[PDB]
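> Let me begin by handing over the structure; questions about it come next.
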Amino acid sequence: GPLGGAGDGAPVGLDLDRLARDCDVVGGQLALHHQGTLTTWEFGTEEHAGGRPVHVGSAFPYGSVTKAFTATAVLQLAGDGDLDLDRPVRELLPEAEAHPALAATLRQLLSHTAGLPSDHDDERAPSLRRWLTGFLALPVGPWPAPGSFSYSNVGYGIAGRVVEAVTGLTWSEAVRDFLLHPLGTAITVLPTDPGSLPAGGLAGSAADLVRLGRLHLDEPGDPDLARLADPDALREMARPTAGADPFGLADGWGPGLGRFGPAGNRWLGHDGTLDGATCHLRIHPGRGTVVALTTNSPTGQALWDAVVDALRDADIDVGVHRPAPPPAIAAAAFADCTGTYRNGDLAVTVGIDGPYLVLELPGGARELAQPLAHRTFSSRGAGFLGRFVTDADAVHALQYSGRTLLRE
């Protein structure tokens with residue numbers, strides 16, 4: 001008070017085993033770098049039917065949090081002067097040009113504002129080069145507009161291909177040699193599509209995830225991390241890209257990291273929660289706090305919320321996206337919104353089933369949503385918001401899970 005402080009230290013006596021049992025998470029890790037000190041928690045088993053208990057070194061899929069590594073490796077080459085964030089990647093991939101996708105800058109690709117579809121799957125492509133060649137041969141089809149946020153794995157595949165062109169290594173070699181090994185981690189590459197690797201192919205521990213987050217701190221607390229990446233280059237990832245409104249996902253988005261929290265407490269980070277496992281990363285460079293949670297269960301979303309609420313009681317206020325949904329509305333207000341919406345070859349069909357909206361997702365999946373005012377809906381249970389988009393006045397697109405899907 002009179003002479004100033006930084007706040008309280010790491011949470012004392014936080015029983016992550018109890019919280020994990022309350023949320024019925026099979027196993028996972030939480031790791032926290034706070035005021036120069038690393039604290040880790042492990043709970044449960046690596047497998048659902050029991051077996052080996054999770055230890056500090058257990059590996060969990062990072063899912064989309066892999067993107068933070070890919071972008072960090074891009075910005076690392078930025079400080080070295082080997083690439084330019086605002087130049088069209090066609091100048092860095094002149095062989096691929098021989099296109100709307102190559103007119104995008106690395107800033108746009110890492111920010112999901114490059115106007116690209118969410119997915120392009122090619123399991124037979126042996127390289128990011130052959131993967132890109134096949135994607136550029138597709139018809140342009142239904143793509144979101146450049147400059148607006150629409151989550152895209154394709155953008156991160158292109159960004160990974162730029163890394164290969166600049167360094168002369170494969171993406172897996174570059175990320176290991178330039179990032180994974182110098183960070184001092186045992187992070188492994190999962191055996192998946194080469195074209196999906198830059199978007200979601202890394203796996204490792206929560207402690208090792210924190211090591212990446214420490215790199216983005218104003219003081220990383222380690223000379224090995226300090227010399228690894230240019231602080232001026234990484235700060236670009238700490239700044240929002242203008243015009244990127246990631247409705248339903250985050251309050252903002254920069255070149256490789258989401259922004260989470262209200263004004264005055266915006267945190268950097270990234271989540272990954274496909275495939276029945278969860279990964280959550282949050283970074284606050286100013287306060288010097290990094291938190292990462294890994295779990296092998298979809299209930300890790302509930303555990304993350306309980307960890308955030310528990311950390312708040314310990315004077316650590318993690319930034320999270322908690323938007324104010326519009327008031328509930330009768331489902332009939334969405335009569336003009338029913339139809340099919342497409343992003344690349346992905347399609348979502350919207351219908352009205354009694355009082356709720358029903359979303360038919362690709363892959364046979366299905367989700368119900370609560371109808372709200374202003375063309376907005378809330379996923380039943382999780383509360384994740386989506387919305388239908390009108391041309392300033394008919395509806396022509398759907399914003400769902402951070403992706404723009406144009407109405408057929």
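For the structure tokens, the naming scheme is as follows: chains receive sequential letters (A, B, ...) according to their order of presentation, residues are indexed from 1 within each chain, and ligands are indexed from 1 in presentation order.
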Counting only C-alpha atoms, which residues of region 116-192 of chain A sit at most 9 Å from some atom of region 70-77 of chain A, and what is each one's closest atom pair with its distance in Å to one decimal, listed by chain and rising residue number, as JSON lines?

```
{"residue": "A:156", "atom": "CA", "partner": "A:70", "partner_atom": "CA", "distance": 7.5}
{"residue": "A:159", "atom": "CA", "partner": "A:74", "partner_atom": "CA", "distance": 7.5}
{"residue": "A:160", "atom": "CA", "partner": "A:70", "partner_atom": "CA", "distance": 6.7}
{"residue": "A:162", "atom": "CA", "partner": "A:74", "partner_atom": "CA", "distance": 8.4}
{"residue": "A:163", "atom": "CA", "partner": "A:74", "partner_atom": "CA", "distance": 6.5}
{"residue": "A:166", "atom": "CA", "partner": "A:77", "partner_atom": "CA", "distance": 8.4}
{"residue": "A:167", "atom": "CA", "partner": "A:77", "partner_atom": "CA", "distance": 8.7}
{"residue": "A:171", "atom": "CA", "partner": "A:70", "partner_atom": "CA", "distance": 8.9}
{"residue": "A:174", "atom": "CA", "partner": "A:73", "partner_atom": "CA", "distance": 8.0}
{"residue": "A:175", "atom": "CA", "partner": "A:73", "partner_atom": "CA", "distance": 6.5}
{"residue": "A:178", "atom": "CA", "partner": "A:73", "partner_atom": "CA", "distance": 6.9}
{"residue": "A:179", "atom": "CA", "partner": "A:73", "partner_atom": "CA", "distance": 6.5}
```
> Please write the residues from the selection above to a file, keeping C-alpha atoms, as a CSV table (one decimal), in the first residue's frame.

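Written output follows (again.csv):
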```csv
chain,number,residue,atom,x,y,z
A,156,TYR,CA,-1.1,-22.6,-40.1
A,159,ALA,CA,2.8,-20.7,-42.2
A,160,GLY,CA,4.6,-24.0,-41.5
A,162,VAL,CA,7.0,-20.8,-45.1
A,163,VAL,CA,9.2,-22.0,-42.1
A,166,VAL,CA,13.1,-20.2,-45.0
A,167,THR,CA,15.1,-22.6,-42.9
A,171,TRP,CA,8.6,-28.4,-40.2
A,174,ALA,CA,12.6,-26.7,-37.6
A,175,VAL,CA,10.3,-26.6,-34.6
A,178,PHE,CA,14.7,-23.8,-33.3
A,179,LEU,CA,12.2,-24.2,-30.4
```
> I'd like to know which residues of region 113-323 of chain A are strand (DSSP E) (by DSSP, run on the backbone); could you write them as a PyMOL selection string?
chain A and resi 188-189+202-204+252-253+258-260+267-272+278-284+289-295
> Between A:194, A:201, A:362, A:256, which is the closest to residue 345 (chain A) once you count only C-alpha atoms?
A:362
> Have a look at CA of residue 321 (chain A) and CA of residue 249 (chain A) and let me know their distance in Å, one decimal.
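Rounded to one decimal, the two atoms are 7.0 Å apart.
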> So that each row is one residue of region 230-334 of chain A with an atom at most 9 Å from region 89-113 of chain A, can you give its shortest atom pair and the distance in Å to one decimal, using only C-alpha atoms, rows by chain and rising number, as JSON lines?

```
{"residue": "A:240", "atom": "CA", "partner": "A:111", "partner_atom": "CA", "distance": 8.6}
{"residue": "A:241", "atom": "CA", "partner": "A:111", "partner_atom": "CA", "distance": 6.7}
{"residue": "A:243", "atom": "CA", "partner": "A:113", "partner_atom": "CA", "distance": 8.3}
{"residue": "A:244", "atom": "CA", "partner": "A:113", "partner_atom": "CA", "distance": 6.6}
{"residue": "A:253", "atom": "CA", "partner": "A:111", "partner_atom": "CA", "distance": 6.1}
{"residue": "A:254", "atom": "CA", "partner": "A:111", "partner_atom": "CA", "distance": 5.3}
{"residue": "A:255", "atom": "CA", "partner": "A:111", "partner_atom": "CA", "distance": 4.6}
{"residue": "A:256", "atom": "CA", "partner": "A:110", "partner_atom": "CA", "distance": 5.0}
{"residue": "A:257", "atom": "CA", "partner": "A:111", "partner_atom": "CA", "distance": 7.9}
{"residue": "A:258", "atom": "CA", "partner": "A:111", "partner_atom": "CA", "distance": 8.7}
```
> Restricting the calculation to only C-alpha atoms, which member of A:64, A:294, A:376, A:192 is positioned closest to residue 125 (chain A)?
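Answer, going by the shortest atom-to-atom distance: A:192.
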> If you run DSSP on this backbone, which residues of region 159-400 of chain A come out as alpha helix (DSSP H), and could you give them as a ChimeraX atom specification?
/A:159-167,171-175,197-200,206-215,223-226,231-234,300-313
> Please write the residues from the selection above to a file, keeping N, CA and C atoms, as a compact mmCIF listing (two decimals), in the first residue's frame.

```
# COMPACT_ATOMS: atom_id res chain seq x y z
N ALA A 159 1.75 -21.37 -43.04
CA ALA A 159 2.79 -20.75 -42.23
C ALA A 159 3.92 -21.73 -41.94
N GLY A 160 3.57 -22.98 -41.65
CA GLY A 160 4.60 -23.99 -41.46
C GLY A 160 5.42 -24.23 -42.72
N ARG A 161 4.76 -24.19 -43.88
CA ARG A 161 5.48 -24.34 -45.15
C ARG A 161 6.44 -23.18 -45.38
N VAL A 162 6.07 -21.96 -44.96
CA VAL A 162 6.99 -20.83 -45.07
C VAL A 162 8.22 -21.07 -44.19
N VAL A 163 8.03 -21.65 -43.01
CA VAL A 163 9.16 -21.96 -42.14
C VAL A 163 10.11 -22.94 -42.83
N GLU A 164 9.56 -23.95 -43.50
CA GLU A 164 10.40 -24.91 -44.22
C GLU A 164 11.19 -24.24 -45.33
N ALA A 165 10.53 -23.36 -46.09
CA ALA A 165 11.20 -22.68 -47.19
C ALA A 165 12.32 -21.78 -46.69
N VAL A 166 12.11 -21.12 -45.55
CA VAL A 166 13.10 -20.17 -45.04
C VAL A 166 14.29 -20.90 -44.43
N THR A 167 14.03 -21.93 -43.61
CA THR A 167 15.09 -22.63 -42.89
C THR A 167 15.73 -23.75 -43.68
N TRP A 171 9.19 -29.07 -41.30
CA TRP A 171 8.57 -28.37 -40.18
C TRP A 171 8.92 -29.02 -38.86
N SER A 172 8.87 -30.35 -38.80
CA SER A 172 9.18 -31.04 -37.55
C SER A 172 10.63 -30.80 -37.14
N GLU A 173 11.55 -30.76 -38.10
CA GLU A 173 12.94 -30.47 -37.77
C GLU A 173 13.11 -29.03 -37.30
N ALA A 174 12.48 -28.09 -37.99
CA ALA A 174 12.63 -26.68 -37.64
C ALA A 174 12.08 -26.40 -36.25
N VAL A 175 10.89 -26.90 -35.95
CA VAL A 175 10.30 -26.62 -34.65
C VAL A 175 11.12 -27.25 -33.54
N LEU A 197 0.29 -31.08 -39.27
CA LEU A 197 1.29 -30.96 -38.21
C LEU A 197 1.44 -29.54 -37.67
N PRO A 198 1.61 -28.49 -38.49
CA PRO A 198 1.74 -27.14 -37.91
C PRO A 198 0.51 -26.67 -37.15
N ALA A 199 -0.65 -27.28 -37.39
CA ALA A 199 -1.91 -26.87 -36.78
C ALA A 199 -2.28 -27.64 -35.52
N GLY A 200 -1.82 -28.88 -35.36
CA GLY A 200 -2.19 -29.60 -34.15
C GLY A 200 -1.44 -30.88 -33.81
N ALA A 206 2.31 -30.45 -19.33
CA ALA A 206 1.95 -29.08 -18.99
C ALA A 206 3.17 -28.28 -18.57
N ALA A 207 4.11 -28.91 -17.87
CA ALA A 207 5.33 -28.20 -17.50
C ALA A 207 6.08 -27.72 -18.73
N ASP A 208 6.21 -28.58 -19.74
CA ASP A 208 6.89 -28.17 -20.96
C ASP A 208 6.11 -27.10 -21.71
N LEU A 209 4.78 -27.16 -21.65
CA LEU A 209 3.96 -26.10 -22.23
C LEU A 209 4.25 -24.77 -21.56
N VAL A 210 4.44 -24.78 -20.23
CA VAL A 210 4.77 -23.56 -19.51
C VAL A 210 6.09 -22.98 -19.99
N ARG A 211 7.04 -23.84 -20.40
CA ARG A 211 8.32 -23.34 -20.89
C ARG A 211 8.14 -22.48 -22.13
N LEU A 212 7.22 -22.86 -23.02
CA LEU A 212 6.91 -22.00 -24.16
C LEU A 212 6.31 -20.69 -23.68
N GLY A 213 5.39 -20.75 -22.72
CA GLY A 213 4.78 -19.55 -22.19
C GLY A 213 5.77 -18.62 -21.50
N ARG A 214 6.76 -19.19 -20.81
CA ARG A 214 7.77 -18.36 -20.16
C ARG A 214 8.55 -17.55 -21.19
N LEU A 215 8.70 -18.08 -22.40
CA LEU A 215 9.39 -17.34 -23.45
C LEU A 215 8.68 -16.03 -23.77
N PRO A 223 18.41 -17.20 -18.61
CA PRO A 223 19.23 -16.77 -19.75
C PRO A 223 19.13 -17.70 -20.94
N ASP A 224 18.85 -18.99 -20.73
CA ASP A 224 18.68 -19.90 -21.85
C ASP A 224 17.44 -19.54 -22.67
N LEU A 225 16.36 -19.12 -22.01
CA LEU A 225 15.18 -18.69 -22.74
C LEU A 225 15.35 -17.27 -23.29
N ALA A 226 16.08 -16.41 -22.58
CA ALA A 226 16.23 -15.03 -23.01
C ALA A 226 16.96 -14.94 -24.35
N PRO A 231 12.96 -10.60 -27.96
CA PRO A 231 11.76 -10.08 -27.27
C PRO A 231 10.94 -9.14 -28.13
N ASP A 232 11.60 -8.34 -28.98
CA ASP A 232 10.85 -7.44 -29.85
C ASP A 232 10.05 -8.21 -30.89
N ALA A 233 10.56 -9.35 -31.35
CA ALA A 233 9.81 -10.16 -32.31
C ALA A 233 8.62 -10.84 -31.65
N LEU A 234 8.81 -11.40 -30.46
CA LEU A 234 7.70 -12.09 -29.79
C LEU A 234 6.59 -11.13 -29.37
N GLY A 300 -12.25 -31.81 -18.87
CA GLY A 300 -11.21 -30.86 -18.57
C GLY A 300 -11.64 -29.43 -18.75
N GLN A 301 -12.65 -29.18 -19.59
CA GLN A 301 -13.21 -27.84 -19.67
C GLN A 301 -13.79 -27.42 -18.32
N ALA A 302 -14.50 -28.33 -17.64
CA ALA A 302 -15.02 -28.01 -16.31
C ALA A 302 -13.89 -27.85 -15.30
N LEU A 303 -12.85 -28.68 -15.41
CA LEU A 303 -11.71 -28.56 -14.51
C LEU A 303 -10.98 -27.23 -14.71
N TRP A 304 -10.79 -26.83 -15.97
CA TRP A 304 -10.19 -25.53 -16.26
C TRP A 304 -10.94 -24.40 -15.58
N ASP A 305 -12.28 -24.41 -15.68
CA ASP A 305 -13.07 -23.38 -15.02
C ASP A 305 -12.87 -23.41 -13.51
N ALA A 306 -12.76 -24.61 -12.93
CA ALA A 306 -12.57 -24.71 -11.49
C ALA A 306 -11.16 -24.28 -11.08
N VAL A 307 -10.16 -24.56 -11.92
CA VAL A 307 -8.81 -24.09 -11.64
C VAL A 307 -8.74 -22.57 -11.73
N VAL A 308 -9.37 -21.98 -12.74
CA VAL A 308 -9.40 -20.52 -12.86
C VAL A 308 -10.06 -19.90 -11.64
N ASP A 309 -11.18 -20.46 -11.20
CA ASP A 309 -11.86 -19.93 -10.02
C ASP A 309 -11.04 -20.14 -8.76
N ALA A 310 -10.33 -21.27 -8.66
CA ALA A 310 -9.48 -21.50 -7.50
C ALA A 310 -8.28 -20.55 -7.52
N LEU A 311 -7.65 -20.37 -8.68
CA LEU A 311 -6.53 -19.44 -8.78
C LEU A 311 -6.95 -18.02 -8.42
N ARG A 312 -8.17 -17.62 -8.79
CA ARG A 312 -8.67 -16.29 -8.45
C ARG A 312 -8.68 -16.07 -6.94
N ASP A 313 -9.01 -17.12 -6.17
CA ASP A 313 -8.96 -17.01 -4.72
C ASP A 313 -7.54 -16.86 -4.20
```
> Show me, as a ChimeraX atom specification, the residues that have an atom within 8 Å of region 326-336 of chain A when counting only C-alpha atoms, minus same-chain residues fewer than 5 positions from it.
/A:352,354-357,370-376,395
> Filtering to N, CA and C atoms, could you give me those residues as a PDB file, in the first residue's frame?

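Contents of out38.pdb, freshly written:
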```pdb
ATOM      1  N   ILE A 352     -34.672 -25.765 -36.720  1.00  0.00           N
ATOM      2  CA  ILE A 352     -35.403 -25.419 -35.507  1.00  0.00           C
ATOM      3  C   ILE A 352     -36.125 -26.673 -35.031  1.00  0.00           C
ATOM      4  N   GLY A 354     -38.359 -27.498 -31.998  1.00  0.00           N
ATOM      5  CA  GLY A 354     -39.082 -26.987 -30.857  1.00  0.00           C
ATOM      6  C   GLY A 354     -38.528 -25.659 -30.381  1.00  0.00           C
ATOM      7  N   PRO A 355     -38.158 -25.583 -29.099  1.00  0.00           N
ATOM      8  CA  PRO A 355     -37.621 -24.325 -28.561  1.00  0.00           C
ATOM      9  C   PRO A 355     -36.137 -24.109 -28.817  1.00  0.00           C
ATOM     10  N   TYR A 356     -35.422 -25.087 -29.372  1.00  0.00           N
ATOM     11  CA  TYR A 356     -33.981 -24.987 -29.563  1.00  0.00           C
ATOM     12  C   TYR A 356     -33.624 -25.028 -31.043  1.00  0.00           C
ATOM     13  N   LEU A 357     -32.449 -24.492 -31.353  1.00  0.00           N
ATOM     14  CA  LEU A 357     -31.836 -24.663 -32.661  1.00  0.00           C
ATOM     15  C   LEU A 357     -30.983 -25.922 -32.644  1.00  0.00           C
ATOM     16  N   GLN A 370     -29.365 -22.715 -27.567  1.00  0.00           N
ATOM     17  CA  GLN A 370     -30.444 -21.883 -27.063  1.00  0.00           C
ATOM     18  C   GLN A 370     -30.569 -20.633 -27.928  1.00  0.00           C
ATOM     19  N   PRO A 371     -31.745 -20.348 -28.494  1.00  0.00           N
ATOM     20  CA  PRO A 371     -31.908 -19.140 -29.317  1.00  0.00           C
ATOM     21  C   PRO A 371     -31.871 -17.885 -28.458  1.00  0.00           C
ATOM     22  N   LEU A 372     -31.049 -16.921 -28.863  1.00  0.00           N
ATOM     23  CA  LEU A 372     -30.958 -15.643 -28.175  1.00  0.00           C
ATOM     24  C   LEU A 372     -31.197 -14.515 -29.171  1.00  0.00           C
ATOM     25  N   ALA A 373     -31.359 -13.302 -28.643  1.00  0.00           N
ATOM     26  CA  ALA A 373     -31.631 -12.154 -29.494  1.00  0.00           C
ATOM     27  C   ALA A 373     -30.396 -11.801 -30.319  1.00  0.00           C
ATOM     28  N   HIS A 374     -30.601 -10.931 -31.314  1.00  0.00           N
ATOM     29  CA  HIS A 374     -29.522 -10.454 -32.186  1.00  0.00           C
ATOM     30  C   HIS A 374     -28.786 -11.610 -32.863  1.00  0.00           C
ATOM     31  N   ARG A 375     -29.560 -12.519 -33.460  1.00  0.00           N
ATOM     32  CA  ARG A 375     -29.041 -13.589 -34.313  1.00  0.00           C
ATOM     33  C   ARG A 375     -28.021 -14.472 -33.605  1.00  0.00           C
ATOM     34  N   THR A 376     -28.032 -14.490 -32.278  1.00  0.00           N
ATOM     35  CA  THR A 376     -27.029 -15.180 -31.487  1.00  0.00           C
ATOM     36  C   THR A 376     -27.638 -16.419 -30.848  1.00  0.00           C
ATOM     37  N   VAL A 395     -29.573 -12.790 -43.855  1.00  0.00           N
ATOM     38  CA  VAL A 395     -28.497 -13.607 -43.304  1.00  0.00           C
ATOM     39  C   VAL A 395     -27.779 -14.313 -44.445  1.00  0.00           C
TER      40      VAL A 395
END
```
> Out of A:25, A:320, A:272, A:195, which residue has the shortest atom-to-atom distance to residue 252 (chain A) when counting only C-alpha atoms?
A:320
> Which is closer to residue 177 (chain A) than all the others in A:228, A:402, A:314, A:2, using only C-alpha atoms?
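Looking only at the distances to residue 177 (chain A), the closest residue turns out to be A:228.
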> Using only C-alpha atoms, can you tell me which of A:287, A:120, A:65, A:150 comes closest to residue 136 (chain A)?
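Result for the nearest residue to residue 136 (chain A): A:120.
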> Quick check, in Å to one decimal: how far apart do CA of residue 408 (chain A) and CA of residue 147 (chain A) lie?
21.7 Å
> Each residue of region 287-371 of chain A lying at most 10 Å from region 397-400 of chain A should get a row with its shortest atom-to-atom pair and the distance in Å to one decimal, counting only C-alpha atoms; could you produce that, ordered by chain and increasing number, as CSV?

```
residue,atom,partner,partner_atom,distance
A:337,CA,A:398,CA,8.7
A:339,CA,A:398,CA,10.0
A:340,CA,A:398,CA,9.3
A:341,CA,A:398,CA,6.6
A:342,CA,A:397,CA,8.6
A:343,CA,A:398,CA,9.7
A:348,CA,A:398,CA,8.7
A:349,CA,A:398,CA,10.0
A:350,CA,A:398,CA,9.3
A:359,CA,A:400,CA,9.7
```
> May I have the residues from that selection written out with C-alpha atoms, as a compact mmCIF listing (two decimals), in the first residue's frame?

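So the final result, stored in part.txt, reads:
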```txt
# COMPACT_ATOMS: atom_id res chain seq x y z
CA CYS A 337 -31.58 -18.57 -40.46
CA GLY A 339 -30.27 -23.72 -44.01
CA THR A 340 -26.86 -25.08 -44.92
CA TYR A 341 -23.63 -23.16 -44.28
CA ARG A 342 -20.31 -24.19 -45.82
CA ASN A 343 -16.64 -23.52 -45.16
CA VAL A 348 -23.26 -27.11 -40.97
CA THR A 349 -27.04 -27.38 -41.41
CA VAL A 350 -29.24 -25.30 -39.10
CA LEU A 359 -26.82 -27.76 -35.67
```
> Write out, as JSON lines, each residue of region 184-288 of chain A that has an atom at most 12 Å from region 382-394 of chain A, together with the closest pair of atoms and their distance in Å to one decimal, counting only C-alpha atoms, rows going by chain and rising number.

```
{"residue": "A:246", "atom": "CA", "partner": "A:386", "partner_atom": "CA", "distance": 10.3}
{"residue": "A:247", "atom": "CA", "partner": "A:386", "partner_atom": "CA", "distance": 7.2}
{"residue": "A:248", "atom": "CA", "partner": "A:385", "partner_atom": "CA", "distance": 4.7}
{"residue": "A:249", "atom": "CA", "partner": "A:384", "partner_atom": "CA", "distance": 7.7}
{"residue": "A:250", "atom": "CA", "partner": "A:384", "partner_atom": "CA", "distance": 10.6}
```
> Which one is closest to residue 298 (chain A): A:279, A:367, A:360, A:142? Count only C-alpha atoms.
A:279
> What is the distance, in Å and to one decimal place, between CA of residue 405 (chain A) and CA of residue 114 (chain A)?
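If I compute the distance from CA of residue 405 (chain A) to CA of residue 114 (chain A), I get 14.7 Å.
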> Pick out the residues sitting within 8 Å of residue 33 (chain A), and hand them over as a list in words; count only C-alpha atoms, and ignore anything fewer than 5 positions along from it in its own chain.
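Neighbouring residues, sequence-local ones excluded: residues 38, 39, 210, 214, 288, 289, 290 and 291 of chain A.
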> Mind dumping the selected residues with C-alpha atoms as a compact mmCIF listing (two decimals), in the first residue's frame?

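Result saved to part.txt:
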```txt
# COMPACT_ATOMS: atom_id res chain seq x y z
CA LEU A 38 7.36 -23.27 -11.16
CA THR A 39 4.72 -25.34 -9.37
CA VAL A 210 4.77 -23.56 -19.51
CA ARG A 214 7.77 -18.36 -20.16
CA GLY A 288 5.04 -12.86 -15.26
CA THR A 289 2.43 -15.62 -14.93
CA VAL A 290 1.99 -18.69 -17.13
CA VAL A 291 -0.57 -21.43 -16.49
```
